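There are 4 protein chains.
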Amino acid sequence: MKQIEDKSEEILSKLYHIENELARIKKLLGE
Amino acid sequence: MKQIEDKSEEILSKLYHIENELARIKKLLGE
Amino acid sequence: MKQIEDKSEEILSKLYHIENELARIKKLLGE
Amino acid sequence: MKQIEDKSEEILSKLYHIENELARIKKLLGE
Ligand SMILES: [Cl-]
Ligand SMILES: [Cl-]
Numbered sequence: 002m003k004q005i006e007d008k009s010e011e012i013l014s015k016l017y018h019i020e021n022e023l024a025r026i027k028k029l030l031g032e
Numbered sequence: 002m003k004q005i006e007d008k009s010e011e012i013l014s015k016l017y018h019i020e021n022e023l024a025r026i027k028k029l030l031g032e
Numbered sequence: 002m003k004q005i006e007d008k009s010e011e012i013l014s015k016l017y018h019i020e021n022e023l024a025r026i027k028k029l030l031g032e
Numbered sequence: 002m003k004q005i006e007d008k009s010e011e012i013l014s015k016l017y018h019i020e021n022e023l024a025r026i027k028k029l030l031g032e
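Chains as they are written, first to last, in PDB author numbering: chain B, 2 to 32; chain A, 2 to 32; chain B', 2 to 32; chain A', 2 to 32. A prime marks a further copy of an entry chain.
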């Protein structure tokens with residue numbers, strides 16, 4: 002489905018947002 | 002194809018839940 | 002595919018592991 | 002079906018990356 006496509010794209014996209022939040026927390030605590 | 006898509010929706014829901022958890026953690030950390 | 006099935010199951014499974022790690026961090030910082 | 006599966010593998014890889022980030026965060030937090 003192009004339905005699974007779109008959901009797969011959002012999923013990736015939140016996953017990069019989560020990795021960035023964690024990277025940010027890691028940076029901040031390292032200071 | 003439908004169990005897969007049902008699965009994707011489920012996966013996205015858990016990401017939202019992880020985002021709520023990170024929202025709380027960020028507040029606790031003074032960030 | 003029963004291939005997408007298995008990957009979908011592991012994906013969920015790491016997602017519950019991540020939610021539990023974060024829950025744990027949230028608990029610990031709340032103390 | 003193959004782009005979806007290629008997608009799943011990608012998604013799992015990002016979860017592993019989030020787990021490495023949480024491993025580091027946990028060490029920083031004294032946990
Ligand atoms: Cl959805
Ligand atoms: Cl894989």
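All C-beta atoms in this analysis are idealised placements derived from N, C-alpha and C, irrespective of residue type, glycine included.
Item, Value
"Cβ-heavy atom distance, residue 13/A' to ligand 2, below 8 Å", "yes"
"Beta carbon of residue 8/B nearer than 9 Å to that of residue 9/A", "yes"
"Listed by chain order, chain A residues near residue 28/B by CB distance under 9 Å", "The contacting residues do not exist; residue 28/B stays about 10 Å from chain A at best."
"Secondary structure of residue 32/A, DSSP reduced to three states", "coil"
"Whole-angstrom distance between residue 20/B' and residue 4/A', CA atom to CA atom", "27 Å"
"Interface flag, residue 8/B vs chain A, CB-CB below 9 Å", "yes"
"Proximity test, residue 9/B beta-carbon vs ligand 2 heavy atom, cut-off 8 Å", "no"
"Contact with chain A by residue 32/B, beta-carbon distance below 9 Å", "no"
"Cβ separation of residue 23/A' and residue 16/B', assumed to be a contact under 8 Å, to the nearest whole Å", "That pair is no contact at about 13 Å."
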